[PDB]
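Each reported figure results from applying straightforward, stated rules to the coordinates on display, with no laboratory input. A quick note on method: Cβ atoms are made from the backbone with ideal geometry, for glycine too, and the neighbour counts reach across all protein chains shown.
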Amino acid sequence: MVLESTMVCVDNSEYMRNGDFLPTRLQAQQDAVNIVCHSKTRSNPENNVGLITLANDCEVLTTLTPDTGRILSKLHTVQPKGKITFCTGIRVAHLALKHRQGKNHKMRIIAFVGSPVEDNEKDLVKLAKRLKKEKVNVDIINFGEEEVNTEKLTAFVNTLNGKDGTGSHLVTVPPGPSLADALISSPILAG
Amino acid sequence: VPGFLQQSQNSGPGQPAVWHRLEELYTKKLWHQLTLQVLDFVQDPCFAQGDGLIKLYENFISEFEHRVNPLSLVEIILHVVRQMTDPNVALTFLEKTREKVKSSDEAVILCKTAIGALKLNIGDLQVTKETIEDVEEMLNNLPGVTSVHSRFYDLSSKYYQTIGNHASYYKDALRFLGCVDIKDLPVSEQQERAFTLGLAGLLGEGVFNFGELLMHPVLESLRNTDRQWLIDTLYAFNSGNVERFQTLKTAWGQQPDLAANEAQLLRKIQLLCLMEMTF
Amino acid sequence: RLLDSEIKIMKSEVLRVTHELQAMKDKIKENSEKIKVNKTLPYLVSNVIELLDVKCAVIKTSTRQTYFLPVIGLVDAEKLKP
Amino acid sequence: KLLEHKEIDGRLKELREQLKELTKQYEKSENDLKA
Amino acid sequence: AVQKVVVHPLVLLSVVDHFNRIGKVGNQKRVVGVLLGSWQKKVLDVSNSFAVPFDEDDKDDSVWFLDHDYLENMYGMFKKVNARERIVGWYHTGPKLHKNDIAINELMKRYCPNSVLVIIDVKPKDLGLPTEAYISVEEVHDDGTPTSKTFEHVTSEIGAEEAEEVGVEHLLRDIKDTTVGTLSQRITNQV
Amino acid sequence: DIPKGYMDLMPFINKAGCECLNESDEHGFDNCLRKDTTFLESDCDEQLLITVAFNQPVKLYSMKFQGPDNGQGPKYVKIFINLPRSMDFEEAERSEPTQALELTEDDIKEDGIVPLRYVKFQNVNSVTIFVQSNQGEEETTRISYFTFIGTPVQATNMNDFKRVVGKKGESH
């Protein structure tokens, strides 16, 4: 509904060769990207989207664009290779989305955590403060190999949306054969 | 098919930690966690007897595997091929993987290096050029991972078993040592590599001693305790002092392949003396 | 069991290839129109001379001057002749 | 079930062949525009 | 490999203009742009360059924007005006390399198999050769040293096409010293 | 009020331009843009970075950073112009402003107009204000009202163009 630019951040770690979701996690995250980006597209054609990989070299596959076809096309040969480097991935996401043409568009980060993530406890909590001062709304989805919202990630997201902000969600997927339906139940349309 | 994770529950130290560990990963379809541990156990100090189960397990895992990393098969198959020890069935053992391993991951090179090693065992020269020259050109494209290069250069260093490979053996052994240098295996193997590299340098027709390996940590920190004569004559070469007594010392230290080549060795030392003396 | 292992694969890649084909067609059309705006008369009729490789043509103008072309142009080398 | 799979797979193969042809005329257009 | 790269006045003036443009408002240790050139034998001739939206983190040395789509469509339009010039190499003004730069070169390798990087230290106005050129190398080093993704120096020099030559000479005319300079210039050249 | 020969630069701002940072969700940029008691207050801390773009390039002559007398009014502001990209708080702390200004209590009142180095603002398209401190050192800074005074620079519509007279359609 809101006028926004969204950076989807899909995992391409070797851990993506897990298989808890429907037949292949590798294919499954593509349908997840499809359903999340379609929501941002149908809300308003001016709302725009880019994409990023968080694992290995955090390369910007797509710059912010209203052409969703570029995002769905670039999801090919995403080639799960490395491991989630979230520490730099989340910040490069915002650094990339802030180069947006239409500055009135809202901040929005959606990222796929499909691998175990290691980070400094003392600082990950204040990266939330960083993105707060940068006014960035961040929704993070966690996968089965994440042991259901590690305390660090829960604290980080809670302080990022603390004091009853937008309530940007940290959605853990129900482990096993389940898609990103937990987002489209309500959080993607409310939060 | 699912009954195999219980039939295989025996034949391992600590049945839970070795079979139920991967059973929990297999049951709830979480795949990459399984692939982590399947490779983990093949290095166990046992006779890798679980491979006997793997003879059927490969069928039960790969009917609808749909996730498996190609490295996370070839790395275990190159150990099962060593464990089985039958050169005839090794060729068909590698093939049923190599036929399906053609993905974007460059893993068929591991299979090629493995069959090269097996063929070098059974006939060091017959067609062993082909089983290495089919990798040399494809060693290009993606030279960044360098573990494939480690395996290939180890194989082509074992190619020193071919009679004439001495100087090229020195070059390729140095290249392999540059592929990986941290310990990763007993100091006995490292000192053996250093010793053979020293003989290769002292024996190669076009290589004499060369430097910066005398300062390479992988040999100097290892032979100050034993077999010092090799480093002593290497220092003599890198100093040019044409010397008899320590040359005889390294001669009795390793008689064949070093002592019967005195005429060659002398030609090196004197040559090097000129190099040192105009230096 | 059957027909379930390819529902997602068959239903998506064709759409992506079709979209790429459509955009590729539009870019072809744009290139063709850019060529079309650049083939306007006059054409200064002239005679052809022998071709060279380093495929490339030589022209004798009706104005009686010789030019060499690094590339022959919009026509193909096989059709033309001295 | 194999009939629908063959239909979609043959359509994909024909579409990719037509796409190679279309990329060929695209390359021809770029080559003659560069010319 | 590549034995030589020759650099024309236009690219160095363009990067000087880019540096003044960015440092005017957004003073930063470097600016990053893309060169255009052609290949003769195994020598490279570079005469065109455009600024691309770029950003580097101060110390994380892994976080960086280089705009994919901007680079692509800017190259397309520069090809529209002049189709001979294809993407070879990328330039930056920082007098020093960074641990972050090899990632920039790897991205540029997507657009050119042997992309070459050029450091143009605009601030220095000193002894000589304000351009440094570097290629990417990955080899076993043949001496037992560990291999690494490395930058390798390739010799560079300044050469001008005739139009750029008259253009540069006309501006240099007032401060221009004579080419012959019978005794004074020769003795000063020896000193 | 206003100076002689100048008019408010508000009609020339762009809604897409506004990207004030660190603002409280309850009290936003539109509030300090209004001549009302509605104000902007910062959200995380006293630091507040507010950027504004213009439809056409404009010469800035003076600025009115009016704020409440509760000690939350802006005290030290860095002024940057024509930013290429979005601007980071760390950069604002480290970058040299087009003009570093220290507001006094008289400047922040409703009649307080702050002069600017008009020589430096002649082709301004996007301004950035980096409110670094407040008088009372309060946790959050409040901007009662703020606009820019100056004059348009007489730009043109690039893509307008159009043929006016001549051969109508084709020529050399």
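Which of E:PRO53, E:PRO146, E:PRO113 ends up with the largest GNM mean-square fluctuation for chain E, with Cα atoms connected below 10 Å?
Fluctuation is largest for E:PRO146.
With a Cα-only, solvent-free Debye model of the stretch B:114-241, what are the log10 I(q)/I(0) values at q = 0.10, 0.11, 0.20 Å⁻¹?
Per q value, in the given order, log10 I(q)/I(0) is -0.35, -0.42, -1.19.
By count of other Cβ within 10 Å, fewest leading, how are B:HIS32, F:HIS172 ordered? Don't jump to the answer; show the numbers that get you there.
Values: B:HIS32 24, F:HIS172 3.
So the ranking, lowest neighbour count to highest, is F:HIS172, B:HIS32.
Given 5 Å bins starting at zero, what is the percent of C-alpha pairs of chain B in each, up to the one with the largest pair distance?
Cα pair-distance distribution for chain B, in percent: 1, 5, 10, 13, 14, 12, 11, 10, 8, 6, 5, 3, 2, 1, 0, 0.
When a/c is below 1.5 the answer is rounded, else prolate if a/b is larger than b/c, else oblate, so apply that to chain A with a ≥ b ≥ c taken from the square roots of the Cα gyration tensor eigenvalues.
Verdict is rounded for chain A.
How far apart, in nm, are two points set 7 Å out from the Cα along the Cα-to-Cβ line at A:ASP31 and at F:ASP8?
Distance between the two pseudo-spin positions: 5.5 nm.
Mind checking A:73-85 for the average number of partner chain beta-carbons within 10 Å of each residue's beta-carbon?
Per-residue shielding by partner chains comes out at 2.
A:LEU22 to F:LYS109: FRET efficiency via 1/(1 + (r/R0)^6), r the Cβ-Cβ distance, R0 60 Å, to the nearest 0.05?
Rounded to the nearest 0.05, the efficiency is 0.40.
Just how large is the dipole of the protein assembly as shown about the Cα centre, in debye to the nearest 20, putting +1 at every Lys and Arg Cβ and -1 at every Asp and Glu Cβ?
Result for the protein assembly as shown is approximately 3180 debye, rounded to the nearest 20.
Mind checking which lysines have their C-alpha under 23 Å from D:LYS13, skipping anything on the same chain fewer than 8 residues away?
Within the straight-line limit of under 23 Å, D:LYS13 reaches these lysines: A:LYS74, B:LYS100, B:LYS102, C:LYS8, C:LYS11, C:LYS25, C:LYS27, D:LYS1, D:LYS24, D:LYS28.
Report the one residue of C:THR66, E:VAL168, E:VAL2 whose Cα lies farthest in the direction of the positive end of the charge dipole of the protein assembly as shown (charges on C-beta: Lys and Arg +1, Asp and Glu -1; origin at the Cα centre).
C:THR66
Over the whole of B:174-183, what's the average partner chain Cβ count within 10 Å per residue? Rounded to a whole number, please.
Per residue, the number of nearby Cβ atoms from other chains is 4 on average.
As a quick test, which of the pairs E:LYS96/E:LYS125; D:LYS34/E:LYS41; B:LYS96/E:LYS149; C:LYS34/F:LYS162; A:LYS122/A:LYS163 have an alpha carbon distance above 27 angstrom in this structure?
B:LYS96/E:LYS149
Most fluctuating residue of B:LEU219, B:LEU25, B:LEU120 in a GNM of chain B with Cα springs under 10 Å: which is it?
Checking each option, the largest mean-square fluctuation is seen for B:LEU25.
Over the stretch E:2-182, calculate the relative contact order: mean separation of alpha carbon pairs under 8 Å at least 6 apart, over the residue count, as a percent.
After rounding, I find 23 percent.
List E:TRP90, E:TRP39 from most exposed to least, where exposure is judged by having the fewest other Cβ atoms within 10 Å.
E:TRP39, E:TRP90
Which one, A:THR53, A:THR88, A:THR63, has the greatest fluctuation when you compute a Gaussian network model over chain A with C-alpha springs under 10 angstrom?
Answer for the Gaussian network model of chain A: A:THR88.
How about B:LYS55: which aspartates and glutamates have a C-alpha closer than 18 Å to its C-alpha, ignoring those fewer than 8 places off in the same chain?
Output for B:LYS55: B:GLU23, B:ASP40, B:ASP44, B:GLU63, B:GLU65, B:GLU75, B:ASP86, B:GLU95, B:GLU99.
Looking only at the stretch E:1-37, which residues have a backbone nitrogen under 18 Å from a spot 7 Å from the Cα of E:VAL166 in the C-beta direction?
Within reach of a label on E:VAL166, which here means backbone N under 18 Å from a point 7 Å along Cα→Cβ, the stretch E:1-37 contributes E:9-10.
Starting from the Cα of E:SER184, step 7 Å along the direction of its Cβ; do the same at C:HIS19; then give the gap between the two resulting points in nm.
So the two model labels end up 7.0 nm from each other.
Pairing the Cα long axis of helix B:228-237 with the longest principal axis of chain B, what angle in degrees results, from 0 to 90 and rounded to the nearest 10?
That works out to roughly 50 degrees.
For a distance above 53 Å, tell me the whole-number percent of Cα pairs in the protein assembly as shown that qualify. If you can, show how the numbers build up before the last one.
On the way: 156006 of 450775 pairs.
That fraction is 35 percent.
With Cβ to Cβ distances under 14 Å as the rule, what net charge do the other residues near A:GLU147 carry (K, R +1; D, E -1)? Working shown, then result.
Numbers: positive: A:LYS152, B:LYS28; negative: A:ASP20, A:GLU118, A:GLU145, A:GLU146, A:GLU151, B:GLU24.
Overall, the nearby charge balance is -4.
Using +1 at the Cβ of each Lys and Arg and -1 at the Cβ of each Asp and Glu in the protein assembly as shown, identify which of F:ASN157, B:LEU266, A:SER43 lies farthest towards the dipole's positive end.
Projecting each Cα onto the dipole axis, the largest value belongs to F:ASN157.
For the Cα atoms of chain B, what angle does the longest principal axis make with the long axis of helix B:262-278, in degrees from 0 to 90, nearest 10?
Roughly 70 degrees, rounded to the nearest 10.
Sorted by average packing, counted as other Cβ atoms within 10 angstrom per residue and highest first, what order do F:136-144, C:35-43 take?
So the order, starting with the most tightly packed, is F:136-144, C:35-43.
Kindly state, to the nearest 0.05, the FRET efficiency for C:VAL58 paired with B:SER11, given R0 = 60 Å and r defined as their beta-carbon distance.
0.15
Cut-off is 10 Å between beta-carbons; in what order do C:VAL71, B:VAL127, A:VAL33 appear when sorted fewest neighbours first?
Fewest-to-most ranking of C:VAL71, B:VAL127, A:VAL33: B:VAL127, C:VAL71, A:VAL33.
Of the options B:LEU118, E:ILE158, B:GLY204, report the single residue whose Cα projects farthest towards the positive end of the charge dipole of the protein assembly as shown (beta-carbon charges: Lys, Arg +1; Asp, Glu -1).
E:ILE158
Need the C-alpha centroid separation for the stretch E:42-97 versus the stretch B:125-171, integer Å.
The distance from the Cα centre of the stretch E:42-97 to that of the stretch B:125-171 comes to 39 Å.
For B:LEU56 and C:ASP76, what does the FRET efficiency come to when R0 = 56 Å and r is the distance between their Cβ atoms, rounded to the nearest 0.05?
On the way: r = 62 Å, r/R0 = 1.11.
Result of the calculation: an efficiency of 0.35.
Relative to the longest principal Cα axis of chain E, at what angle does helix E:9-25 sit, 0 to 90 degrees, rounded to 10?
70
Would you kindly derive the ³J(HN,Hα) couplings of the stretch E:168-175 from the backbone phi angles with the Karplus curve 6.51 cos²θ - 1.76 cosθ + 1.60 (θ = phi - 60°), listing them in order in whole Hz, with x for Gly and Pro?
Once θ is set to phi - 60°, the couplings for the stretch E:168-175 become 5, 5, 5, 6, 7, 3, 5, 8 Hz.
P(r) tail for the stretch E:2-182, what percent of Cα pairs lie past 29 Å?
24
Let me spell out the model: positive unit charges on the Cβ of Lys and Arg, negative unit charges on the Cβ of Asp and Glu, origin at the Cα centre of the stretch E:2-182. What dipole size does that give, in debye rounded to 20?
It works out to roughly 340 debye.
Could you work out the pair-distance distribution P(r) of the stretch C:29-76 from its alpha-carbon pairs, with 5 angstrom bin width and percents rounded to whole numbers?
Binned Cα distances yield the sequence 5, 17, 22, 22, 17, 12, 4, 0.
To the nearest whole number, what is the average tally of beta carbon atoms from other chains within 10 Å of the beta carbons of peptide C:13-24?
Taking the mean over all residues of the peptide, I get 5.
Could you give the nm distance between label points at F:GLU96 and B:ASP226, where each point is 7 Å from its Cα heading toward the beta carbon?
6.8
Can you compute the charge dipole magnitude of chain B about its Cα centre, using +1 on each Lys and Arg Cβ and -1 on each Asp and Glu Cβ, nothing else charged? Give it in debye, rounded to the nearest 20.
100
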